[PDB]
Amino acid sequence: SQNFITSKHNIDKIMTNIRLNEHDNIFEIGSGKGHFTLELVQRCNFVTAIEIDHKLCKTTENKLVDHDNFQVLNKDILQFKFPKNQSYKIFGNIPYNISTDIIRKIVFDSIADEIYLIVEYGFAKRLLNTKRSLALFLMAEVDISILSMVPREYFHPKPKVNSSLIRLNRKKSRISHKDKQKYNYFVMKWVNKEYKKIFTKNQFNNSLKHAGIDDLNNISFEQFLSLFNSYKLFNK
């Protein structure tokens, strides 16, 4: 529920892979007791911490007592409205129960160009899984990277599984706003293998050969992009 990583020794190691500089404005998701928040303010330009728990916001403010370049807002990340004309990045050690909602919220309803998250090892593995609809919807907006492993012992209470530190970098969308609908439809039908609803036996054939897809259990996002494009061509 509310896991905390409080060992300075361990926080420094995790910060080692987090390349954020003095000039970046940061929005942290779930500052908790403020352990990461304190390293962020000393590292970055400004830190807007968003914590839904009113008590924790206090603890966080207390921890940053000696700093002035932050702000702790007691709100729900899911409801929060990120800036629209600003360069900012995001960091967060987030709750597993809402990982999906949080990651969609910050990728699709945020314009942060760089996003650093600590999530469960398996959850992370599926974000890079081109057989899953979530991965496909995200890869059109960001590049995903697993930077390292965060041992469960680093957490408390000690969770059953290990977690991973992932990075998400925004890029020029691979899908035009015009194809919003189509892509969404195509994505769903493809992850469900309802091929018939999106391709004729031949279109499907040619599309795979054209895409270079030899094995349906191992397609790159690039190859999938190709499928969606052949799909568009075959239908107006």
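Rigid core here is just the name for the largest C-alpha set that superposes within 1.5 Å across the two forms. Counting begins at 1, following the sequence as shown.
The higher RMS C-alpha distance to the shown form in 4 other deposited structures of this protein, out of 75-83 and 97-105, belongs to 97-105, with every structure fitted on the core. In terms of root mean square C-alpha deviation after superposing on the rigid core in 4 other deposited structures of this protein, the stretch standing farther out between 214-222 and 20-28 is 214-222. Just going by the entry, 31-39 versus 207-215 on mean CA temperature factor gives the higher value to 207-215. For the pair 102-110 and 73-81, the mean B factor over Cα atoms is greater in 73-81. Residue-level inspection of the entry shows that, of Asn45, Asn169, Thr48, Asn202, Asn202 has the top Cα B-factor.
Looking at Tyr96, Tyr154, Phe91, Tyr88, the one whose CA carries the top B-factor in the deposited record is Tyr96. Sort the chain's modelled residues by C-alpha temperature factor and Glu222 lands in the middle third, per the entry. The entry lists a Cα temperature factor for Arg19 that places it in the highest third of the chain's modelled residues. Annotation for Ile175: CA B-factor lies in the middle third of the chain's modelled residues. Ranked by C-alpha B-factor against the other modelled residues of its chain, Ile26 falls in the lowest third. Remark: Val187 belongs to the lowest third of its chain, ranked by C-alpha B-factor as recorded.
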